[PDB]
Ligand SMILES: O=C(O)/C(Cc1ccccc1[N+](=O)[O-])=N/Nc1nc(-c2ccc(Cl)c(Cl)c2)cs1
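First, one chain by itself in structure tokens, the form deposited without the named molecule.
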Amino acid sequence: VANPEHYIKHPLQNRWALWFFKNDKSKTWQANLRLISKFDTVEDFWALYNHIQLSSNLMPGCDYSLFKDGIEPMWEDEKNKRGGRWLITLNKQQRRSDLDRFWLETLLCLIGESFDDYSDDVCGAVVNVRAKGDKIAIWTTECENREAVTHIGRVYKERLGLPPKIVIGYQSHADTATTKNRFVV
């Protein structure tokens, strides 16, 4: 038969679903959350990424959310309720320089499965486009797993290329909706 290496799509470990949040106050938060499309290969990822707008070009109050097929971009989802997020705080000047660069590095960390065995703990990621300052976060399934959370946050910091002086905080979803850092790297 034919060597599949000449015609086959490069498959990912997980199928990923990209979501979009359009800020509307007349509707509830969940009503604004909409699904864009699903992909489970490398080519289909770039087929989606190339035709959508960058995070810097969105309106204030819009979110991109890339999660595993089956997990919704909210804390009340089974996979999310017991975990938390590695938050990256950006300023207004980092929208031009860092925002689109950090988000695509974040996207490649998810689909590329860059955290070894602890890539299974990863639920997804979401970029917040706000006028007061942009935010990027990687969500995990369990905040109690110390070894899992610490590895993801360390390797994620190394991928983005953040200086050692910059300190980022992991905060759980249960503490955010009731903020304090459970871990720092």
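Take the two forms, find the largest set of C-alpha atoms that superpose within 1.5 Å, and that set is the rigid core. All residue numbers refer to positions in the sequence shown, first residue = 1.
The following text describes the form deposited with the named molecule bound, which does not appear among the structures shown.
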property: Pocket accessibility when the named molecule, as posed in the bound PDB entry, is superimposed onto this form, judged at 2.4 Å from backbone or C-beta; result: open
property: Any non-hydrogen atom of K9 within 4.5 angstroms of the named molecule in the bound PDB entry; result: no
property: Residue contact check: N32 to the named molecule in the bound PDB entry, 4.5 Å heavy atom; result: yes
property: Exercise: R146 in contact with the named molecule in the bound PDB entry, heavy atom 4.5 Å; result: no
property: is_contact(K22, the named molecule) in the bound PDB entry, heavy atom dist at most 4.5 Å; result: yes
property: Joint contact, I36, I52 and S55 to the named molecule in the bound PDB entry, by non-hydrogen atom at 4.5 Å; result: yes
property: Moved residue between this form and the one not shown - picked from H51, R34, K27, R146, where its Cα shifts 2 angstroms or more relative to the rigid core; result: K27
property: Residue pair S56, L162 - Cα distance in the bound PDB entry, closer or farther (3 Å or more); result: farther
property: In the bound PDB entry, shift in Cα separation for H51 relative to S56, 3 Å or more; result: closer
